[PDB]
Amino acid sequence: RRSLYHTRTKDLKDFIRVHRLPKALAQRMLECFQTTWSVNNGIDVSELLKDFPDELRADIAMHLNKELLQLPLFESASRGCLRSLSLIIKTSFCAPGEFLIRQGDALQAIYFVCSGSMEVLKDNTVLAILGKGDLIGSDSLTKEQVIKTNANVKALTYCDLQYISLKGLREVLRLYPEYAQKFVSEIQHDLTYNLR
Amino acid sequence: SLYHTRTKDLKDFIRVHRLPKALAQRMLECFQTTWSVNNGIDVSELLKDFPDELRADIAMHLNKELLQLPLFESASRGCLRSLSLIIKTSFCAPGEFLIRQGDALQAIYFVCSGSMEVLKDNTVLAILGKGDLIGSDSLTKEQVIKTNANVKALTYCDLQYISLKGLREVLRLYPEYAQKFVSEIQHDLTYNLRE
């Protein structure tokens, strides 16, 4: 709720505190945490608007204008489909050096860059540089099995990202299936990079 | 307390999207009115990607009341270490809902302390307290369990819980124990939320 990393860091620090865990264990834990941290593995899968009446949901949605949903990719989506997608889009800041996605891991969401620049790295080799407007994920998002990511994604500068968890994206797509048909078709056009 | 944490999430959401005070107000009111711990459980697994050695150290410092149940008499250390690492806790305020009738069970709950009401429609069926396990029976099936009653906090309460999802993942790796778990749960299950 600002940057995912700071929020996650603070959750860990409470966990460590509420169980009066020793300093050497807590250090090892925090050491391991930022050594293993990546946004993709820390994403916020909550959905706090889920239990609101549809009128309240519409009034809320009406006030949002998510950059992500402005892609050509969403030109064909119905008003209701877009309102639901807009209610489950989240954000996270990302600092230089920070990992969005570590190679080999499961893809958990699609990511959109508001601002910032980022590098794609298979092993040790830039394969792409992304920036404002770029889309990140896979081709086969409805499968719905698992998607091992073929490269790492790190922030070069300070980034602000938008995302939708895949679980959240598929529940919504199941609901607007004629549109889903065009998600799958038109995705290649905006998919700035494919991690399948 | 998930309620307060979740409330903060929501106020952040309001603040960041520069939402009108009137709409903000409707949002907050409908939050306390449709709130239930079950529908807002902590589902993050912060320790999931830690080395097995570091995970076994953290687990040794835990001693969850929830796992002391006779229901886990026969579980292995690997099973108990994992069970323990995914146990969450929430403190409840009086009148606060744990579950609402009709919603899908998301977790199983243990009562470290407090008195709770079980109320199907408008009748009290039980008042629960220290040591009561709230759940369902075919917790493994598994699809969706729509709960049969409401549960609300009466005094201040302190719950431990395990999400059905994380619990199904551990039981998959401990199949013999899974079998015994399913047999032995009826023994410790205080109230059954199935329909």
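No value in this document is a laboratory result; all are computed from the given coordinates. Virtual Cβ from ideal backbone geometry, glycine too; neighbours counted across all protein chains shown.
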- [ ] Quick one, can you get me the convex hull of the C-alpha atoms of chain A expressed as volume per residue in Å³?
- [x] 131 Å³
- [ ] With the convex hull built on the Cα atoms of the stretch B:1-112, state its orientation-averaged projected area in nm².
- [x] 9.5 nm²
Open item on the list: Let me spell out the model: positive unit charges on the Cβ of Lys and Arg, negative unit charges on the Cβ of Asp and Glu, origin at the Cα centre of the stretch A:1-88. What dipole size does that give, in debye rounded to 20?
Closed with: 620 debye
- [ ] Select from the stretch A:78-151 those chymotrypsin sites (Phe, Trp or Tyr not before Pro) which occupy a DSSP coil region and have at most 13 other Cβ atoms within 10 Å, ordered by residue number.
- [x] none
- [ ] Estimate the FRET efficiency between A:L21 and A:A106 by the formula 1/(1 + (r/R0)^6), using the beta-carbon distance for r and 30 Å for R0, to the nearest 0.05.
- [x] 0.55
TODO: Could you run the Karplus curve 6.51 cos²θ - 1.76 cosθ + 1.60 with θ = phi - 60° over the stretch B:146-159 and give me ³J(HN,Hα) per residue in whole Hz, x for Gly and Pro?
DONE: 7, 5, 9, 9, 9, 10, 10, 7, 9, 8, 6, 10, 9, 10
Task: Under 5 Å, built H, 5+ apart or other chain: amide partners of A:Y193 - done: A:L135, A:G137
Task: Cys with no candidate disulfide partner in chain B (beta-carbon separation under 4.7 Å rule) - done: B:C30, B:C79, B:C112
- [ ] Note down the magnitude of the dipole of the stretch A:38-196 about its Cα centre, charges +1 on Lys and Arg C-beta and -1 on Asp and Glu C-beta and zero elsewhere, to the nearest 20 debye.
- [x] 280 debye
Task: Expected 222 nm ellipticity per residue - DSSP helices of 4 or more, -39500 (n - 2.57), all of the protein assembly as shown, to 500 - done: -11000 deg cm²/dmol
Open item on the list: Let's see if you can work this out: charge +1 on each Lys and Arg Cβ, -1 on each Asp and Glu Cβ, no other charges. What is the dipole magnitude of the protein assembly as shown about its Cα centre, in debye to the nearest 20?
Closed with: 560 debye
Open item on the list: Quick query: amide H of A:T142 versus all other amide H atoms, modeled in the peptide plane; which residues come in under 5 Å with a sequence gap of 5 or more or a different chain?
Closed with: none
Task: Cβ-derived FRET efficiency at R0 30 Å, B:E53 paired with A:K167, nearest 0.05 - done: 0.45
TODO: Quick one: of A:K10/B:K8; A:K13/A:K66; B:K88/B:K141; A:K13/A:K122, which pairs are farther than 25 Å apart, Cα to Cα?
DONE: A:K13/A:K66; A:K13/A:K122
TODO: Give a residue-ordered list of calculated ³J(HN,Hα) values for the stretch A:96-113 (Karplus: 6.51 cos²θ - 1.76 cosθ + 1.60, θ = phi - 60°; whole Hz; x for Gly, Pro).
DONE: x, x, 5, 8, 6, 8, 9, 3, x, 6, 7, 5, 10, 6, 9, 10, 10, 8
Task: Filtered GluC sites (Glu not before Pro), the stretch A:15-93: DSSP coil and at most 12 other beta carbons within 10 Å - done: A:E75
- [ ] Determine which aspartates and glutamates satisfy two conditions relative to A:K143: a Cα distance under 13 Å, and not lying fewer than 8 residues away in the same chain.
- [x] A:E171
Task: Table column - 3J(HN,Hα) (Hz), the stretch A:30-37, Karplus curve with 6.51, -1.76, 1.60, x for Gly and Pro - done: 4, 4, 5, 4, 7, 8, 10, 4
- [ ] For chain A, just give the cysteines left without a disulfide-compatible partner, judged by no other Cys Cβ under 4.7 Å.
- [x] A:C32, A:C81, A:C114
Open item on the list: Give me the inter-chain shielding for B:40-51: mean count of other chain Cβ atoms within 10 Å, whole number please.
Closed with: 5
TODO: Against the globular-protein guess of 2.2 N^0.38 Å, express the Cα radius of gyration of the protein assembly as shown as a ratio, rounded to two decimals.
DONE: 1.03
Open item on the list: Connecting C-alpha atoms closer than 10 Å in a GNM of chain A, tell me which of A:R17, A:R57, A:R170 has the biggest fluctuation.
Closed with: A:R17
Open item on the list: In chain B, if the dipole is taken from +1 on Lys/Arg beta carbons and -1 on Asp/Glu beta carbons about the Cα centre, which of B:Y161, B:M60, B:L46 is farthest to the positive end?
Closed with: B:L46
Task: Loop-located GluC sites (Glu not before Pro) in the stretch B:48-88 whose Cβ has at most 10 other Cβ within 10 Å (DSSP) - done: B:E73
Task: Other-chain or far-sequence residues with amide H under 5 Å of A:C159's (modelled H) - done: A:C94, A:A95
